[PDB]
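Single chain ahead, by itself, as structure tokens, in the form deposited in one PDB entry.
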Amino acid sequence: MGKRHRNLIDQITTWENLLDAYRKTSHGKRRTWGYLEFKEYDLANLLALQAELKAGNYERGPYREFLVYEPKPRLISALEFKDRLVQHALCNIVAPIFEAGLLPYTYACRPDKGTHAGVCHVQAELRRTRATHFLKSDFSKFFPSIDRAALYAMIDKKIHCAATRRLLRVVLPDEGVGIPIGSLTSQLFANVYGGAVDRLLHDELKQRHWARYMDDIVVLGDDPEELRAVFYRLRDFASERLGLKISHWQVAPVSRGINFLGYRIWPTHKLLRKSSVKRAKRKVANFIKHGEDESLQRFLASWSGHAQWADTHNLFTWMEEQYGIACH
């Protein structure tokens, strides 16, 4: 690599890449009407999708916009398998040329960096540097505030390919605020978009002990006043540059726990979020009072992995006291 990137729709529409996109788009969706209707003539559908992309005639199918309401109401707009496949074809060539420039401390929707690598970086970067305080911010409606215009000043500072730029502008028109949450193209662009505040933490502001997961941003420090100044500088930027309002923020001392990514993260210990605990508790309970106690063991083994890192035992005892079943 060396900047530019001016021939991407050739790679986006390569059959070897669209097959990867097809595989990625189908991964886990192989029981859905989208895949099963597509899987019928999959390589023929991939041929008319390749020749729709490579020809410049791909039009993104309409988002079917439901509102999932689970943690909080989110207007989650789903896409057709053909459209989720094109997004996967884009975010196979376009994602690793954005995710390459994302400072290493961004842990969202990136290979090898995740929900856990973040909670380990916050907590690790809490142990080293011996942070006394921390700034945790969060962007109001992040996806429904991404400007989709200043974003296409970052997606157009790295794509340079007049055709990929147009495929990205059929997936995500470069108009007004509102990146559809519930799209692969969107997690990247949101991570890319949120990556602007990363560079204002790490490049400007010279903050080296921080972590961003999409819209959540932890900034460990040493003065609860320098971290407050960093936030004010971060908030003023993300507002006047990116149009992202800060919903919640806190410059707390490292003592109040860094509520980062389903783990309240102290330097020493790291519990879980009570919401995740209670959600799993009630989910096991609903599953109980619905009639499933054998798939629960599959879930429990699963959630025992998400909770093996946290110093839990504040659920497994509880659930052993409610039903008697041997968890661990």
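Position 1 is the first residue in the sequence shown; the rest follow in order.
Only in words, not in the display: the form deposited in another entry, which the text now covers.
- Of the residues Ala150, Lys206, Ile246, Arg273, the one at the hinge where one rigid part turns against the other between this form and the one not shown is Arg273.
- Relative to this form, the distance between the C-alpha atoms of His248 and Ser276 is reduced by at least 3 angstroms in the other form.
- Relative to the displayed conformation, the Cα-Cα distance from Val277 to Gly194 shrinks by 3 Å or more in the other form.
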